[PDB]
Amino acid sequence: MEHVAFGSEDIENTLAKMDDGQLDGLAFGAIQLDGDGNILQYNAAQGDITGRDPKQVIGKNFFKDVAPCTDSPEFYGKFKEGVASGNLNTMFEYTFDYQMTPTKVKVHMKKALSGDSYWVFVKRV
Ligand SMILES: *C(=O)/C=C/c1ccc(O)cc1
């Protein structure tokens, strides 16, 4: 188990050292997106929450293909403003309900340290 707490102030520095195997040891769901919303990384805890198979969703677009319930001003709209501005750090509750039992989660979106990548972190509430 990797010990990093959800919501930690310097989480992007800590997660910069992990490969996909290490990300699978986190206590919470983690998705890495490019600035178009394509999925680059998707960990085991996220798949436990959503039912998706991690290897199968890498390369898909999160907003168009995987998670249409997030294509809303309340989720996608926040992401796209962050990508446009080059800064993003926001936490909110949301319900995931596409092809699954409706599940309430806490979401933390934060710009990654390097380049044009963005984290989505998720835990149950
Ligand atoms: C709504 O369509 C949410 C879907 C969803 C959220 C997060 C995931 O990792 C996968 C699907």
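Each reported figure results from applying straightforward, stated rules to the coordinates on display, with no laboratory input. We place every Cβ from the backbone using ideal geometry, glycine too, and count neighbours over all the protein chains shown.
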### Query
within 13 Å of the ligand (Cβ to nearest atom), within 11 Å of the chain's Cα centre (by Cα), surrounded by fewer than 18 Cβ atoms within 10 Å (Cβ to Cβ) and not in a loop (DSSP other than H, G, I, E, B) - does that describe any residue in segment 87-98?
no
#### Entry: Selection from segment 55-95 of residues that are closer than 15 Å to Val107 by Cα and among the β-branched types (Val, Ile, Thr)
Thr70, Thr90, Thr95
### Query
Any idea which of (1) under 17 Å from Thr103 (Cβ atoms); (2) within 12 Å of the ligand (Cβ to nearest atom); (3) of a type outside the set (S, T, N, Q); (4) surrounded by 14 or more Cβ atoms within 10 Å (Cβ to Cβ) is the one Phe6 doesn't satisfy?
(2)
### Task
Scan segment 99-125 for residues that are farther than 16 Å from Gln46 by Cα, of a type in the set (S, T, N, Q) and not in a strand (DSSP E or B) and jot them down.
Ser114
### Query
Would you say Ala84 is small (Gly, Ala, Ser) and not in a helix (DSSP H, G or I)?
no
### Query
Got a sec? Which of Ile39, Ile31 is closer than 20 Å to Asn87 by Cβ and buried (at least 18 other Cβ atoms within 10 Å of the Cβ)?
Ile31
### Message
What are the pairs with Cβ atoms under 8 angstrom where one residue, in segment 33-57, is at positive phi and the other, located anywhere, is hydrophobic (A, V, I, L, M, F, W, C) and near the ligand (Cβ under 8 Å from one of its atoms)? Sequence gap at least six, or different chains.
### Response
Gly37/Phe62; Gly51/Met100
### Task
Return yes or no: is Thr14 in a strand (DSSP E or B) and either of a type in the set (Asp, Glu) or closer than 15 Å to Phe121 by Cα (or both)?
no
### Task
State which residue is nearest to the ligand (Cβ to nearest atom) when the search covers only segment 44-77 and only residues that are more than 13 Å from the chain's Cα centre (by Cα) and assigned to a helix (DSSP H, G or I).
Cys69
### Query
When you scan segment 106-125, how many residues do you find that are of a type in the set (A, V, I, L, M), touching a residue at least 60 places away in the same chain (Cβ under 8 Å) and closer than 14 Å to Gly29 by Cα?
2
### Filter result for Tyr76 (over 18 Å from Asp48 (Cα atoms) and in contact with a strand residue (DSSP E or B) (Cβ under 6 Å, 6 or more places away or on another chain))
no
